[PDB]
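Q: Here's a structure for you.
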Amino acid sequence: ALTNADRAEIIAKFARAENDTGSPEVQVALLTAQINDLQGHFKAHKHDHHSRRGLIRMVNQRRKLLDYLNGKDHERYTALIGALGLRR
RNA sequence: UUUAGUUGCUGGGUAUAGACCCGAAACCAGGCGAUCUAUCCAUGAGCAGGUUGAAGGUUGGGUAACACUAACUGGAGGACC
């Protein structure tokens, strides 16, 4: 699991301003980190359906935020997906 | 109570022997055969040419990741002509 230091590092790397925590870039970066971290857990425990539900919710939330960011500003969307290595 | 036998030689008959001659399918004893053939053991040899394309492998699409999927390789078989 990620800790406070890792989350603070992600927030500092992707913030758009001082004390910025709610921007779509920060939110998508945090969700991507959490999903990538949970991949390892779901490798070991194949039948944790109850936790896989929360994982699916995280994926859906990230997709919605990415769509909103693409609608608002295309350049920021491309920059963010390039930075995090997301295919779309 | 019957009062001529016996020993030779020749002949007829019978008995034991193969017993007038030829003829079985068999049964028993001891030896000879696996240079044919049946199975096995050891050591060698042989199978023109042409098809089909199993497992496995690599790469590419696809997903939150699995899944799924295409192409190329690969050369299996009491496999095919």
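Following the order of the structure tokens, first chain is A, next is B, and so on, with residues numbered from 1 inside each chain and ligands from 1 in the order they appear.
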As a VMD selection string, could you give me every residue of chain B near chain A (at most 12 Å apart, counting only C-alpha atoms (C1' of nucleotides))?
A: chain B and resid 62 to 66
Q: Keeping only N, CA, C and O atoms (P, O5', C5', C4', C3', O3' and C1' of nucleotides), write the selected residues to a file as a PDB file, in the first residue's frame.
A:
ATOM      1  P     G B  62      -5.242  -2.244 -29.831  1.00  0.00           P
ATOM      2  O5'   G B  62      -6.117  -3.109 -28.821  1.00  0.00           O
ATOM      3  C5'   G B  62      -7.318  -3.736 -29.244  1.00  0.00           C
ATOM      4  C4'   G B  62      -7.832  -4.674 -28.185  1.00  0.00           C
ATOM      5  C3'   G B  62      -7.759  -4.136 -26.766  1.00  0.00           C
ATOM      6  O3'   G B  62      -8.873  -3.326 -26.446  1.00  0.00           O
ATOM      7  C1'   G B  62      -6.829  -6.306 -26.831  1.00  0.00           C
ATOM      8  P     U B  63      -8.689  -2.020 -25.532  1.00  0.00           P
ATOM      9  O5'   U B  63      -9.661  -2.288 -24.303  1.00  0.00           O
ATOM     10  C5'   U B  63      -9.201  -2.143 -22.971  1.00  0.00           C
ATOM     11  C4'   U B  63      -9.318  -3.434 -22.205  1.00  0.00           C
ATOM     12  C3'   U B  63      -8.846  -3.385 -20.762  1.00  0.00           C
ATOM     13  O3'   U B  63      -9.838  -2.883 -19.883  1.00  0.00           O
ATOM     14  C1'   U B  63      -7.926  -5.285 -21.835  1.00  0.00           C
ATOM     15  P     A B  64      -9.806  -1.353 -19.397  1.00  0.00           P
ATOM     16  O5'   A B  64      -8.266  -1.070 -19.120  1.00  0.00           O
ATOM     17  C5'   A B  64      -7.852   0.098 -18.427  1.00  0.00           C
ATOM     18  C4'   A B  64      -7.085  -0.260 -17.183  1.00  0.00           C
ATOM     19  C3'   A B  64      -6.244  -1.521 -17.276  1.00  0.00           C
ATOM     20  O3'   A B  64      -4.991  -1.269 -17.885  1.00  0.00           O
ATOM     21  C1'   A B  64      -7.455  -1.485 -15.228  1.00  0.00           C
ATOM     22  P     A B  65      -4.321  -2.358 -18.851  1.00  0.00           P
ATOM     23  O5'   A B  65      -3.317  -3.135 -17.895  1.00  0.00           O
ATOM     24  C5'   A B  65      -2.869  -4.435 -18.225  1.00  0.00           C
ATOM     25  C4'   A B  65      -2.934  -5.355 -17.034  1.00  0.00           C
ATOM     26  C3'   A B  65      -3.169  -6.820 -17.354  1.00  0.00           C
ATOM     27  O3'   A B  65      -1.981  -7.487 -17.734  1.00  0.00           O
ATOM     28  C1'   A B  65      -4.622  -6.149 -15.617  1.00  0.00           C
ATOM     29  P     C B  66      -1.946  -8.350 -19.085  1.00  0.00           P
ATOM     30  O5'   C B  66      -2.237  -9.831 -18.586  1.00  0.00           O
ATOM     31  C5'   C B  66      -3.306 -10.585 -19.130  1.00  0.00           C
ATOM     32  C4'   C B  66      -3.982 -11.419 -18.072  1.00  0.00           C
ATOM     33  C3'   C B  66      -4.836 -12.566 -18.584  1.00  0.00           C
ATOM     34  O3'   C B  66      -4.080 -13.713 -18.929  1.00  0.00           O
ATOM     35  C1'   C B  66      -6.067 -11.346 -16.999  1.00  0.00           C
TER      36        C B  66
END
Q: Need to verify the contact set: residue 58 in chain B, 12 Å, only C-alpha atoms (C1' of nucleotides), exclusion of same-chain residues closer than 6 positions in sequence. Can you return it as a count of residues only?
A: 4
Q: For residue 63 in chain A, work out the shell of residues within 12 Å, counting only C-alpha atoms (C1' of nucleotides) and skipping chain neighbours fewer than 6 positions away, then give it as an NGL selection string.
A: (:A and (24 or 27-29 or 31-32 or 56-57 or 69-70 or 77 or 81 or 86-88)) or (:B and (64))
